[PDB]
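Colleague: Residue numbers (the entry's author numbering), protein chains in the order written: chain A, 235 to 284; chain B, 85 to 134; chain C, 5 to 100; chain D, 44 to 99, 120 to 340; chain E, 108 to 163; chain F, 82 to 234, 244 to 253; chain G, 94 to 147; chain H, 15 to 389. Beta carbons are placed, not taken as given, at the ideal position from N, Cα and C, and that holds for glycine.
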Ligand SMILES: Nc1ncnc2c1ncn2[C@@H]1O[C@H](COP(=O)(O)OP(=O)(O)OP(O)(O)=S)[C@@H](O)[C@H]1O
Ligand SMILES: Nc1ncnc2c1ncn2[C@@H]1O[C@H](COP(=O)(O)OP(=O)(O)OP(O)(O)=S)[C@@H](O)[C@H]1O
Ligand SMILES: [Zn+2]
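1) Can you tell me the Cα-Cα spacing of residue 114 of chain H and residue 209 of chain H, whole angstroms?
2) Please find out if some non-hydrogen atom of ligand 1 comes closer than 7 angstroms to the beta-carbon of residue 182 of chain D.
3) Let me know if residue 140 of chain F comes out buried or exposed under the rule of 16 or more other beta-carbons within 10 Å of its beta-carbon.
4) Examine ligand 2 and report whether any of its heavy atoms sits within less than 7 angstroms of the Cβ of residue 138 of chain H.
5) In chain order, what residues of the same chain have a beta carbon less than 7 angstroms from the beta carbon of residue 99 of chain G, not counting five sequence neighbours either side?
6) Check residue 118 of chain F in the structure and name its three-state DSSP category.
7) Taking Cβ positions only, does residue 312 of chain D come closer than 8 angstroms to chain H?
8) Compute the beta-carbon to beta-carbon distance between residue 303 of chain H and residue 340 of chain D, rounded to the nearest angstrom, for a pair I have assumed lies under 8 angstroms.
9) Quick one, what's near ligand 3 if you take every residue whose CB is closer than 5 angstroms to any heavy atom, in chain order?
10) Just the C-alpha distance for residue 114 of chain D and residue 162 of chain D, rounded to the nearest angstrom, thanks.
11) Does residue 333 of chain D have its Cβ less than 8 angstroms from a Cβ in chain H?
12) May I ask you to report which of helix, strand or coil DSSP gives residue 197 of chain H?
13) Check each residue of the region 58–69 of chain H: if its Cβ is closer than 8 angstroms to any Cβ of chain G, include it; give the result in chain order.
14) Spell out whether any CB of chain C is found under 8 angstroms from the CB atom of residue 232 of chain F.
15) Cβ closer than 7 angstroms: which chain D residues qualify as neighbours of residue 347 of chain H?
16) I'd like to know if residue 88 of chain D contacts chain B, where contact means its C-beta is closer than 8 angstroms to some C-beta of that chain.
17) Where does residue 72 of chain C fall in DSSP's three states?
18) What is the residue span of the beta strand (DSSP E) that residue 114 of chain E lies within?
19) So, does the CB of residue 116 of chain B fall closer than 8 angstroms to a CB anywhere in chain D?
20) Residues of chain B with CB under 8 angstroms from residue 164 of chain D, in chain order?
21) To which residues does DSSP link residue 158 of chain F through a beta bridge?
22) Since residue 258 of chain D meets chain A, which of its residues come closer than 7 angstroms, beta carbon to beta carbon?
23) Determine the contact status of residue 121 of chain B and residue 165 of chain D, defining contact as a CB-CB distance below 8 angstroms.
24) Span of the beta strand (DSSP E) holding residue 132 of chain D?
25) Looking at chain G, is there any beta carbon in it that lies within less than 8 angstroms of the beta carbon of residue 94 of chain H?
26) Which same chain residues, not among the five before or five after residue 344 of chain H, have their C-beta less than 7 angstroms away from its C-beta?
27) To the nearest angstrom, how far is it from the Cα of residue 238 of chain A to the Cα of residue 270 of chain A?
28) Let's test the definition: count the other Cβ atoms within 10 Å of the Cβ of residue 41 of chain H and tell me whether it reaches 16, buried, or not, exposed.
29) Would you verify that the beta carbon of residue 94 of chain G is, or is not, closer than 8 angstroms to some beta carbon of chain H?
30) Specify, as a first and last residue, the run of the beta strand (DSSP E) that residue 61 of chain H falls within.
31) Using 8 angstroms as the limit for Cβ to Cβ distance, is residue 100 of chain D near chain A?
32) Might you give, ordered along the chain, the residues of its own chain that have their beta carbon closer than 8 angstroms to the beta carbon of residue 296 of chain D, omitting 5 neighbours on each side?
33) Rounded to the nearest angstrom, what separates residue 110 of chain E and residue 336 of chain D at their Cα positions?
34) Are three or more beta carbon pairs between the region 53–65 of chain D and the region 89–99 of chain D nearer than 8 angstroms?
35) Would you call the region 266–281 of chain A and the region 85–104 of chain B in contact, with 3 or more CB pairs under 8 angstroms?
36) Examine chain H for any beta-carbon lying closer than 8 angstroms to the beta-carbon of residue 228 of chain D, and answer yes or no.
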């Protein structure tokens with residue numbers, strides 16, 4: 235399968251709403267090629283609560 | 085000699101498409117930076133997947 | 005009706021070349037050709053013109069010939085390639 | 044019978060006049076079509092925005128190169144067609160208006176449009192009866208029975224909110240009523256609105272409202288409003304501003320001055336008291 | 108001239124980016140290898156067909 | 082701008098209505114413009130060069146820029162594409178090459194001298210017309226020396251301006 | 094800037110910056126640091142120093 | 015046997031209508047073919063006049079230029095700062111032109127829709143009369159304010175809890191004076207660029223300076239207002255410069271005249287004290303929630319065109335109504351119609367009003383903190 239590595243600290247950018255674009259392009263890489271894996275890691279930095 | 089045959093090659097600037105028109109191509113394109121243009125395809129295209 | 009003219013020397017040279025065209029053949033009297041013009045105000049301007057063939061016998065000064073078909077054809081030419089111009093008159097080379 | 048034969052030859056004279064009409068029509072028409080061949084086949088057209096319309120029948124063009132041009136001669140359009148702020152297809156060389164474009168949108172707004180039509184019939188939903196009642200009686204009856212409300216004499220309502228526990232299924236009513244009804248349905252996520260640059264959310268929400276309004280049976284779906292809905296705060300040394308800018312864009316272009324009648328709103332949050340009143 | 112890569116296409120030419128942001132499908136002078144080329148490198152470009160000239 | 086700007090029905094009409102004008106003389110080449118830059122040979126010119134040398138013997142180009150000067154510049158530029166088939170023999174023999182060297186004087190237009198691959202400019206003199214030169218001089222001088230030569234033969247505030 | 098006689102650097106209001114040459118019509122004192130200056134279209138060389146304006 | 019007149023007239027009228035319409039088509043294409051060859055011109059503005067022949071202009075697209083007139087350009091017209099035309103090639107001046115409009119102004123100038131006047135709102139008869147006294151009287155009769163010899167107030171600030179109809183009061187003014195309401199929503203101003211918003215503010219203030227009775231209206235200020243920062247996000251710098259544009263040119267040195275600014279906010283506590291002082295915004299005008307008679311007034315305004323029967327204890331509905339809005343009781347009447355269509359009654363029974371009141375009671379058990387008094 236098309237394994238994809240994602241650090242949970244990848245969403246730590248400078249500019250506002252950039253992690254939205256990051257999630258966008260993550261899943262747009264996910265959709266084209268079929269039957270793929272995406273691995274998140276250390277999802278604390280992605281956020282704990284609201 | 086391939087390179088001297090590739091001076092008759094073409095520069096092929098890449099772009100982005102806003103939208104098509106109806107019953108005719110009449111393609112509306114901003115390049116990325118310059119402006120926005122009404123262009124028409126070359127006849128060597130797949131006239132569907134644009 | 006006409007205040008004055010603003011006439012470039014180019015149309016005068018455009019008379020001169022047809023004068024060269026008639027100095028080599030049997031010249032009975034003179035040249036009668038078309039004068040185009042750029043009429044804007046009551047002042048007048050000419051940018052260009054062209055000629056038309058012409059002969060004239062002198063028995064009752066009424067036998068004199070142009071070609072209005074050729075005239076309007078080349079007028080349509082120069083009107084298409086330049087919509088500024090239009091006819092404004094004529095010219096002759098004999099000073100009297 | 045002399046006048047009858049005179050009119051019979053006059054019918055031939057009128058046929059000669061029809062031939063003169065044929066000549067001065069066909070010849071002049073094909074010559075002007077040839078000029079329109081010369082001028083109109085120049086298929087690369089720079090498009091632009093009409094700034095003003097002066098009358099001393121004079122149009123001023125701001126190019127999409129962010130630059131300007133005056134022209135005193137309008138071109139191959141009519142002055143009724145030209146309102147302030149139009150995309151006009153202008154030749155590079157002649158700088159003359161040749162077309163009229165139909166759309167001023169983002170392709171991202173185009174990507175928001177719902178064509179896929181999933182399948183959730185109401186038998187897939189169980190035990191949410193009053194909520195289905197509220198939603199259908201609030202949306203489908205201002206969609207099919209405008210005359211019902213208008214004979215009652217108030218208005219259609221403005222807005223339906225979804226909130227509560229995060230597992231109750233809020234996506235399900237969106238998918239279900241989009242599956243069953245056949246209006247122009249439109250989705251929207253929360254963080255997709257706020258952009259890296261300053262002011263693009265205003266553009267995005269305004270163009271979204273425009274695109275939905277031009278397809279008047281319009282059902283707007285909103286997802287995680289609390290991403291952009293925030294109880295705003297006055298403080299110092301810190302503060303994230305543009306979020307409230309996009310939210311105030313949403314609210315003012317949603318409600319207040321310049322009201323609209325054809326918008327239908329569905330929003331879904333997981334928490335409640337983050338939001339402004 | 109000097110540019111920067113975005114992607115590499117196998118058909119002897121790839122996509123580059125200019126200084127201000129114009130982008131072209133331009134080919135490689137093949138005596139210096141394309142295995143030297145990685146996404147995120149600075150390259151040598153022409154003015155006449157803007158072709159990829161070599162490795163910087 | 083193309084070789085298909087030569088409309089053959091316009092060729093027939095234009096040239097025959099010049100035939101019934103003063104003389105049916107023969108075409109000697111062709112002209113164009115390049116107002117956007119410093120007047121060198123476009124791609125369309127070499128695309129139509131074989132068409133014109135199929136039409137004409139010399140088929141000499143005319144290159145111009147209309148934004149230059151008011152009395153001085155000689156902006157016109159003319160050429161002769163020599164064929165690539167004569168790559169064996171020497172390039173531009175020009176039997177004497179002494180008046181060609183007296184054409185060679187400025188080595189003008191460094192991008193055309195980049196385009197010296199099968200190109201060279203040609204001598205263009207501005208020759209006399211005895212039928213026209215003295216009368217153009219008559220026009221020019223005797224219409225600018227007071228117009229009618231009787232008019233101004244301003245004056246009382248240029249006192250203060252000059253002081 | 095001024096390199097020397099008959100050669101200077103000016104930044105035109107195209108934003109860019111040019112190695113140019115100066116004329117002997119300009120009196121050389123009117124350069125002091127910074128003058129509104131006049132240029133050419135084609136060659137884009139200095140033609141004239143302007144009075145204080147802009 | 016004399017029907018040849020009818021046949022000749024038939025063919026001649028067919029050919030005559032055909033010639034009229036076809037030559038009209040050929041004439042339309044003739045005019046549109048004559049108009050093809052013209053070439054557009056360059057938009058520029060006049061910096062200053064250098065000499066009698068020399069003119070210093072700077073177009074918007076870039077650099078500065080020095081050219082002259084043609085023959086008859088009437089050089090006294092060229093005041094420094096007028097917008098003129100330029101040739102593309104020769105680049106000299108062609109024609110003096112009137113000033114720009116910037117159709118961002120037009121999308122918030124023409125786009126006032128219709129509305130009902132200030133009798134539609136109610137229960138807040140202090141502010142109605144007071145805004146009238148502070149705006150309409152120093153623009154209709156300034157001598158009442160000159161005989162006293164006291165400068166008129168310029169800026170008015172509407173504030174209060176959300177939903178008190180702060181928008182619709184200005185909308186009623188926009189159905190009362192109908193003069194030049196430049197209702198800026200003040201959120202669709204900033205787009206992305208550097209100084210574009212500052213130029214739009216200059217444009218609005220010039221346009222308001224010229225068309226002498228203008229009404230400036232900027233809703234939802236707090237997005238573009240802010241207060242100040244310890245220099246955090248970089249876009250906030252241009253935010254504060256865009257705000258200091260207003261802070262200067264509302265006051266400046268050249269004082270505005272008849273430029274009446276109507277302002278509305280959701281919470282006025284977050285404004286900048288640079289904007290909070292008088293002079294710019296003279297009198298703080300506060301709207302609050304309706305009282306019992308005021309709730310009665312709004313309720314009977316909404317209950318006018320509603321199909322019902324003579325049963326309505328308005329005192330009961332207003333009695334259960336407690337601390338509500340312009341739109342709360344509007345929602346009461348709307349949901350009363352909803353409950354009327356519930357079980358298909360075709361009139362509105364009085365119990366539907368109590369059901370809608372308890373629906374409002376369900377609604378406003380999720381909202382609080384409705385008291386933001388500034389300063
Ligand atoms: N009433 C119901 N009938 C049938 N299935 C249901 C019902 N409620 C929930 N489900 C199921 O549980 C899921 C709930 O949908 P979700 O995708 O979690 O919606 P949602 O994300 O909870 O909405 P949020 O998170 O509060 S915004 C669906 O996949 C259904 O299969
Ligand atoms: N007292 C009132 N009488 C009549 N109608 C009212 C009244 N209060 C509000 N309304 C109506 O309800 C609407 C509420 O307008 P709003 O948009 O709330 O004004 P606002 O300043 O935008 O308030 P916020 O702070 O933005 S929610 C108005 O447009 C009117 O249609
Ligand atoms: Zn060319």
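Modeller: According to the structure shown:
1) 18 angstroms
2) no
3) buried
4) yes
5) 114 and 115
6) coil
7) yes
8) Not a contact, Cβ separation roughly 12 angstroms.
9) F:123 and F:125
10) Between 99 and 120, chain D has no modelled residues, and residue 114 of chain D is one of the positions in that gap.
11) no
12) strand
13) 61, 62 and 64
14) no
15) 217
16) yes
17) helix
18) 109–114
19) no
20) 112 and 122
21) F:144
22) 251
23) no
24) 131–134
25) no
26) 316
27) 8 angstroms
28) exposed
29) no
30) 56–63
31) No coordinates exist for residue 100 of chain D; the numbering of chain D passes from 99 to 120 with nothing in between.
32) 302
33) 52 angstroms
34) no
35) no
36) no
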